[PDB]
Amino acid sequence: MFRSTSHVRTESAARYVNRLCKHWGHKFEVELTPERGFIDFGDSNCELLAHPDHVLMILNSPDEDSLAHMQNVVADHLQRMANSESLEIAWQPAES
């Protein structure tokens, strides 16, 4: 169970987080709080922090494959909501 964190500067983020639980919450456990969107696939996790001007991405996974699968999946969501470039996001190794 390693943990990485991506930080990006986005506006109205909190909505893209709350909209995810309603978006992908079709066959998975998606929690919606005024802080982040929690979506666990079982043997891992993918949380998304979103404030009016900033967004955080944290994943909880026992394996990097999973780990990156989560930290990356989000990097994509920020891209759909921000058309201009491949979301400038700095992803951390996620510790060892």
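Look above for the structure.
Residues numbered from 1 in each chain as written, not as in the entry; some residues may be left out. Heavy atoms only, no water.

Enquirer: Where do I start with the sheet that holds strand β1 (residues 2-8) in this structure?
Expert: Taking strand neighbours across the sheet as the criterion, the five strands line up as β1-β5-β4-β3-β2 in an open arrangement whose pairing is antiparallel. Bordering the open sheet on either side are β1 and β2 (29-32), each of which pairs with just one other strand. With direction set aside, neighbouring strand axes in the sheet form an average angle of 10°. Strand direction decides the pairing type here: strand β3 (residues 36-40) and strand β4 (residues 46-51), joined by four bridges, are antiparallel. In the strand pairing of β4, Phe 38 is matched with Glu 47. Sheet strands touched by helix α1 (residues 13-23): β2, β3, β4 and β5 (54-61). Its angle to β4, the strand with the most contacts, is close to 145°. Packing of helix α2 (residues 64-80) onto the sheet brings it into contact with β1, β4 and β5, and relative to β5 it is tilted by some 160°. (Pairing = 2+ DSSP bridges. Helix = DSSP H or I, 4+ residues; strand = E, 2+ residues; numbered from the N terminus. Axes fitted to C-alpha atoms, helices over the stretch in contact; angles between N-to-C directions. Contact = heavy atoms within 4.5 Å.)

Enquirer: What's the story with unusual backbone geometry in this structure? I'm lost.
Expert: Phi is positive for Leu 87, which is not a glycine, with a value near 20°. Along the polypeptide, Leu 87 turns up in the segment after α2. Judged by relative accessible area, which is 6%, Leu 87 ranks as buried. (Buried < 20%, exposed > 50% of the residue type's maximum accessible area, 1.4 Å probe, protein only.)

Any functional reading would require information that these geometric values do not contain.
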